[PDB]
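Given as structure tokens, the chain that follows is alone and in the form deposited in one PDB entry.
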């Protein structure tokens, strides 16, 4: 009577092994149907997880998780893994607050061998587990599932070199859905049909106990209102994403400046560069999932007179920290960073929240940092960055902004804030996403000033000296960690001016933020409009 008679009896991998191999194809058909029925919601990596159903079924049929360790790279392809490991009932609330993560998470289950979200980490983790295993006299199996895209990552390729050097027992499954390792010293098997679960089982049985590292190359298939040219995605009629504002802006700019060259690390759609790549094909570069290569290639362009734009998510820019510091900042090169997904991104959780860029970028000499309040101010920053010396970073959140007409290119002096609401008793300093909350919080409140602190590096020391000298209390708000971010920048400046007003630093706490909506995270962090109103009341302002 049920659509999934086999899955209904499978509560874990030890129930899976009770089936016959001839029943595994029928199980893979149930798993694809289950993934579609429950995970056809918005913003779910449906195609990748569907493509990996057969390899995950065969791995759990052959190996003995949780004693055997199965590692997924990125982790977006492991919905069938979660379904087969006692989390079938939780798939309906995946990525929701209080539910299971969209990626594998060590805290979530003994079956999740690594916490992942960033790509290319599985191989180095697997090597560490294999080395620890041999240092403990144990012989459990270590297996890693890495896609063709993740394999291009630098830390995946380097780890391959070391894995072939140590010669320890481990299995690497290359999940290749885009339709050689002799110098590494690694056993190579394949390519084989990545959707033949019975054939996959046969192979894994006869590979998983061999000596030394092995790569099993499998081939799988990817996925077995108003239009937006930037992201190539249809959006609400009223919507206008920051990614789309950037895409339109840089597409316009490049029409008049042939020095502009846009580099992305395999995120053309997310960063909003679909239209750009078609209008300016001689000025668009995709370096794969290698943020390190994106920034240093841009530096090489800047050395030869170009004005490169690195489009990159805040969380991924973390991968290129040293390239920003060493390859860009030391010679003060003309690299512009347009940083999408700044701040809390929400449902993707701790591995993707970009709440650190105002901290690690700020400590790099010469790197200017700006936060636009709307699309016009984004274009002003982009125009300034593309026409002045040295590196500039422009960070904006995931979300929408007001659409601006073409040809809007204001002139702004970099480093100048702007007062948005009069008032000198309590003054709130906030830029970007935090500024939305601040204006909302102090909307009616007289004497509560609001300043668009749209530049984090440098600060507007003139306005901060004037405001800090006469304000009773200051409130800094940032979609960033409170440690070493915009709040710390204000305190460093005030102290060096020997100004000592009361200051309340509002931001993300020194704690990783689990998956949940950004509105929920900002409410619990204390930066949304009601929480700012609470701080205003603790400071003695009459709040309703």
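Numbering follows the first chain given and starts at 1. Rigid core here is just the name for the largest C-alpha set that superposes within 1.5 Å across the two forms. Only residues modelled in both forms are compared.
This next part talks about the form deposited in another entry, which is not shown.
Following superposition on the rigid core between the shown form and the other one, the residue from 117, 232, 288, 86 with a C-alpha displacement of 2 angstroms or more is 232, and no other. In the other form, the CA atoms of residue 237 and residue 339 draw together by 3 angstroms or more relative to this form. Note on residue 236 and residue 434: their C-alpha atoms are more widely spaced in the other form, a change of at least 3 Å from this conformation. Listed alone, the one run of 3 or more residues present in both forms whose C-alphas shift by at least 2 angstroms between the shown form and the other one, with the core superposed, is 225-239.
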